[PDB]
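The numbering of the sequence shown is the working numbering, which starts it at 10 and goes up by one.
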Amino acid sequence: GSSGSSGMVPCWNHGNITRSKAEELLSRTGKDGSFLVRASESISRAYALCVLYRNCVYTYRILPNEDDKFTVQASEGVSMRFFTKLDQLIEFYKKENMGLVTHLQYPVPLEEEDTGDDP
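Pasting the structure below:
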């Protein structure tokens with residue numbers, strides 16, 4: 010029950026993680042422009058985009074389309090685009106005044122053990 014792809018990969022695409030985690034990470038940064046993605050527990054075919062703002066985590070469910078395309082089911086059905094790739098969907102939502110609470114400022118890094126000796 011694993012997966013993967015060949016080629017460089019972003020940092021905002023954490024992966025299969027629990028809710029507590031989604032927020033946990035954001036908290037660390039504490040910036041009014043943090044964001045991240047994860048695999049929806051309920052349905053794998055779908056994703057979950059978390060956006061921090063004014064100390065509030067706004068999760069966004071991404072259900073697949075007839076053409077296996079990832080499209081945020083936020084808006085009703087007028088101001089919504091359709092992308093086949095995940096990254097291609099995120100970037101697009103980099104601008105403000107779209108649908109999310111805040112515009113993706115910096116792709117919050119994963120939670121890996123970092124041990125730096127010298128400054």
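Backbone N, C-alpha and C define an ideal beta-carbon position, used for all residues, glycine too.
Of all the options the options, which has the alpha carbon lying nearest to the alpha carbon of residue i?
i: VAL18; options: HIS112, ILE26, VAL46, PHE79; result: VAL46
i: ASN106; options: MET89, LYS94, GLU121, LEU95; result: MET89
i: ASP96; options: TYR56, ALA31, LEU34; result: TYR56
i: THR80; options: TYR67, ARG63, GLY108; result: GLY108
i: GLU32; options: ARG70, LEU61, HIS112; result: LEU61
i: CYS65; options: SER84, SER14, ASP41; result: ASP41
i: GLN82; options: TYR69, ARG63, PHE92; result: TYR69
i: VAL117; options: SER14, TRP21, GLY13; result: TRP21
i: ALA48; options: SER12, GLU122, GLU75, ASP76; result: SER12
In terms of DSSP beta bridges, what is residue i paired with?
i: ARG70; result: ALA57
i: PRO128; result: Note: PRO128 sits in no beta bridge, so no partner.
i: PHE92; result: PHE79
i: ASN22; result: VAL46
i: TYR115; result: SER43
Tell me the residue span of the beta strand (DSSP E) that contains residue i.
i: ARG47; result: 43-48
i: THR80; result: 79-81
Grab the span of the alpha helix (DSSP H) containing residue i for me, first residue to last.
i: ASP96; result: 95-101
i: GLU32; result: 28-38
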